[PDB]
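Observations on the three-dimensional arrangement
So the chains spell out like this:
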Amino acid sequence: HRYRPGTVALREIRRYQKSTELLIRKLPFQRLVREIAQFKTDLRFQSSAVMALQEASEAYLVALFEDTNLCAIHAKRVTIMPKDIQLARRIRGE
Amino acid sequence: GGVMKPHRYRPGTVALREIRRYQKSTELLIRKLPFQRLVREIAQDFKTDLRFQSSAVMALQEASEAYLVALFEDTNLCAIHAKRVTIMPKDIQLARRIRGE
Amino acid sequence: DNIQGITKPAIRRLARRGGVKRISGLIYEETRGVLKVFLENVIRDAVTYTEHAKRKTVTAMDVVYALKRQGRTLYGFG
Amino acid sequence: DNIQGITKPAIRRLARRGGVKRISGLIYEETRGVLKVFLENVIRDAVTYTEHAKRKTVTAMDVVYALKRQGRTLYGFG
Amino acid sequence: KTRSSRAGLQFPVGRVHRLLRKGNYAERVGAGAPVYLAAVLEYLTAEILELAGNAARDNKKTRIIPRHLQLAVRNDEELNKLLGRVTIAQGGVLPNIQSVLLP
Amino acid sequence: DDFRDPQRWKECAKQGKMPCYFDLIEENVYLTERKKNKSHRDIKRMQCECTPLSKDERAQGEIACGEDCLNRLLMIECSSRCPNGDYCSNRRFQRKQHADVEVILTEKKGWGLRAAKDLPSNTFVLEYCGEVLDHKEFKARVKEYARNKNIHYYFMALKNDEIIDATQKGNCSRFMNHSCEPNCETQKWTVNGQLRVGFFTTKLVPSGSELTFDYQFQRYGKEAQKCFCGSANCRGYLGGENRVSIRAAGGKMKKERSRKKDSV
Amino acid sequence: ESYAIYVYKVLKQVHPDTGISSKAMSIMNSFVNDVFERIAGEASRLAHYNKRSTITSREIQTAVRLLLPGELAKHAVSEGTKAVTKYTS
């Protein structure tokens, strides 16, 4: 048995728009932050700081992908493409 | 025996010529008295019997022209992304939606 | 109806300055509404400032403050 | 090289929450770069606040202020 | 003698001092703040005027005009970032045409 | 065969071998020119955006202001303030860079031109030069001249109110004929703020082939004329069948907002 | 009162034989006022998070570093430091 291409995609869309959990894994995110925070050598962090960075980052990425999807639909496409992200970030003012 | 006319510009040529002509200059593009009348009319809805300053209307005109120019600058990118030359109201609406208006 | 005073060739002129080659037939009616909304917002804020300042004349500094409130700083009319 | 730790399933899940049905194979290298730029900006601001505060430890209030500086205004961390 | 002469600047330190003490920013001000801020303002003013003067010489003119200020600001990488949300009156735009419209 | 000499000679009218019965002409002349134009207020200068090198020619050397210039694409020739200076190639109406032309007899329809050597597309040939008329004089001189029983009328409408006469004085572009298979054409270039009419080629014209341009068909009186080329569909007639009026032929004047009387 | 004469004094040092129009003078006045307001407001913010009474050169420097871009901020800080050094020495 197979579900037809796109059906499980919609299923995931529904379930992940219903849930509220975080999607990115904490240890890789932490290693990334503590790598790119090397600005000032030998830093220390509160956990709530990284907890806030992850929230802000995931919110920003979701808000960017929404406009990416809008651009892709405007182009009469289903598949999103990097040119859509570039257009979104060009109109957004970045 | 008749008077023959030379030729007709290919379409879009004079359009681009105008694009350069109006990108080179720095002036007011909107009819000033109609703009003034419009502002007075839409201001009558908030407080009866007002009075205006000339610079107070000039600043409004400058801001409006800048806003519209920016809107069209983004809309042209939208239309090009749509692989079209002609510019459409759906392009305008997309520009405002993505900008956040 | 003074919104019709913003002429078709005037809007074409603005598009030419913006870099548009070919204009559809509804852009004008869309632009009139956009401009109307923008001007309504700015004028509302300006008249609010004036009525707070107890003036009857609407100064240019009120327009500048309203534009700063909207987030569009304007140099020249200070 | 910890930017490769933001896995393809992670980005796919974020897109699913965003409402995307079909994803190109080139979205991920772009998403990683955008995330890197955003994090670099925010972390730079946070570290600046910390260095001004004469602290070794980067607090959460520093991150909140850094986001407020750019216009994000995160709630829930004080 | 004027504090500006001691500091070697051109913008007036004392007026900046008064504006800081007058604009309701804090309870106290340290002696070095107005000098520092005046130096910063003088540097930014000099940068803007330098680029404006270059833009003015590039068009065979001897008087700086708002169009020249517009070109100077918008033809720079960082000043555009600093003044991205600022509209200059009688400034105009940058001449550019997209490459998919030229024949 | 052309043999331009200033001494008037013994050839009556056909101008095939002796060109000195009428007078020749340089860049055209005006009659009622006033200072009401877009010359030096907004078209003061339209400078191209080019960053050249200009120190490497004849070896890894690209010609300056080719088909990537902002002015050539929009049919504008550069001024003397070009960053290339005296190496720009747009100024073709000012340096008088022309093509090799010759006037002999080809068909009994009249005189014309045939190409001397090979000539590529988008190449300039000749500038249409004559005498610039004005609003009132056209509709009088034409009815004064129709009663003189002339075959050739050298009238070309520049604008809706300007008609250039190339009868009393004309350059070598006055002999070019009409055909329904055009290989050359006319373009409206803007030089020094003033509008000029030029002739460009469209294809690879072989050495010894015809060079004509298409008429935008027009008739002016009750009679009709017909063409003698007959390439593959030739419309038969100069001016077609449809009749148009004195004003439509010239372009009807931009009416001075006086009165109604003038229309009646 | 305004900053016009001082703008002239600055202009005559980087371009001797040039002039400037009144509209450009007004634009420069607005630019100076705007930057002054931005930096002062940012410093006033910085002085509140640490619960301190006094805005100091350190506070202004922090605001400058936060507000200006990379290559511009370094030169701004250098100039301010040189001036505040010459103020006491």
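Residues numbered from 1 in each chain as written, not as in the entry; some residues may be left out. Chains lettered and ligands numbered in written order. Part of a larger assembly, values for the part shown. Heavy atoms only, no water. Residues with missing side-chain atoms left out of burial classes, pairs and counts.

- The deposited coordinates for this entry were obtained by cryo-EM, with a reported resolution of 3.6 Å.

**Description of the environment of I73 of chain A**
- In this structure, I73 of chain A sits in helix α3 (residues 47-74).
- Taking the C-alpha atoms as reference points, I73 of chain A and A56 of chain A, separated by 17 residues in sequence, lie 26 Å from one another. (Helix = DSSP H or I, 4+ residues; strand = E, 2+ residues; numbered from the N terminus.)

**A few points about the pattern of salt bridges**
- Throughout the structure, instances matching the rule amount to 31 salt bridges over all chains.
- With a shortest N-O distance of 2.3 Å, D67 of chain A and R92 of chain A are connected by a salt bridge. Remark: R92 of chain A occurs in helix α4 (residues 82-92) and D67 of chain A occurs in helix α3; sequence separation between them is 25 residues.
- Classification of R92 of chain A as partly exposed rests on a relative accessible area of 30%.
- For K68 of chain C, the salt bridge goes to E37 of chain G, with nearest N and O atoms at 3.3 Å. (Salt bridge = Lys/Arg side-chain N within 4 Å of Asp/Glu carboxyl O. Buried < 20%, exposed > 50% of the residue type's maximum accessible area, 1.4 Å probe, protein only.)

**Some thoughts on the arrangement of the chains**
- Of all ten pairs of chains in contact, the one with the most contacts involves chains E and G.
- For chain C and chain F, which are not in contact, the least C-alpha distance works out to 13 Å.
- If you take every C-alpha in chain B and every C-alpha in chain G, the smallest gap between them is 13 Å, and the two do not touch. (Contact = heavy atoms within 4.5 Å.)

**A short note on the interface of chain C and chain G**
- Facing four residues of chain C, the contacting portion of chain G comprises six residues.
- Each partner contributes to the roughly 420 Å² buried at the junction of chain C and chain G, and carbon and sulfur atoms together form 52% of this total.
- Together, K68, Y75 and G76 of chain C form the three largest contributors to the area buried by chain C at its contact with chain G, with a combined 87%.
- Scanning the region where chain C abuts chain G turns up one salt bridge.
- Taken together, the residues that form the side of chain C that touches chain G break down as one nonpolar, two polar and one charged. (Buried area = accessible area lost by both parts, 1.4 Å probe. Nonpolar A, V, L, I, M, F, W, Y, C, P; charged D, E, K, R; others polar.)

**So, the interface of chain E and chain G**
- Of the residues lining the interface, 49 residues belong to chain E; the matching set on chain G comes to 52 residues.
- A combined buried area of about 4,800 Å² lies between chain E and chain G, and 73% of that area is made up of carbon and sulfur atoms.
- Contact with chain G buries surface across chain E, with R15, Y25 and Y36 of chain E losing the most and accounting together for 16% of the total.
- Linking chain E with chain G are zero salt bridges, by the criterion used here.

**A short note on the sheet that holds strand β6 (residues 163-165) of chain F**
All names here are of chain F.
- Read across the sheet, three strands follow the order β4-β6-β5 without closing on themselves; strand pairing throughout is antiparallel. Of all the strands in the sheet, the pair left with one neighbour each is β4 (131-132) and β5 (155-157).
- When β4 meets β6, the two strands line up antiparallel, connected through two bridges. By the bridge assignment, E131 is partnered in β6 with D165. (Pairing = 2+ DSSP bridges.)

**Looking at the packing of α3 of chain A against helix α1 (residues 8-18) of chain D**
- Following both chains from N to C, one finds α3 of chain A and α1 of chain D inclined at 60°, their axes separated by 8 Å at the closest point. Judged on the interaxial angle alone, α1 of chain D and α3 of chain A are oblique. The handedness of the crossing between α3 of chain A and α1 of chain D comes out as right-handed. Side by side, α3 of chain A and α1 of chain D meet where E58, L61, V62, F65 and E66 of chain A of the first sit next to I11, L14, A15, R17 and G18 of chain D of the second. (Axes fitted to C-alpha atoms, helices over the stretch in contact; angles between N-to-C directions. Parallel < 35°, antiparallel > 145°, perpendicular 65-115°, else oblique. Left-handed = near helix turned anticlockwise from the far one by under 90°.)

**Overview of helix α3 (residues 32-57) of chain E**
- Its 26 residues give α3 of chain E an end-to-end C-alpha distance of 37 Å, which sits within 8% of 38 Å, the value for a rise of 1.5 Å per residue.
- Of all 26 residues making up α3 of chain E, 19 are buried, and the element is well covered by its neighbours. (Expected span 1.5 Å × (residues − 1).)

**Focus on the packing of helix α1 (residues 13-24) of chain B against helix α1 (residues 8-18) of chain C**
- Close contact between α1 of chain B and α1 of chain C brings their axes to 7 Å; oriented N to C, the two are set at 80°. Considered as vectors, α1 of chain B and α1 of chain C are oriented roughly perpendicular to each other. Facing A15, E18, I19, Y22 and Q23 of chain B of α1 of chain B, the residues of α1 of chain C in contact are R13, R16, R17 and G18 of chain C.

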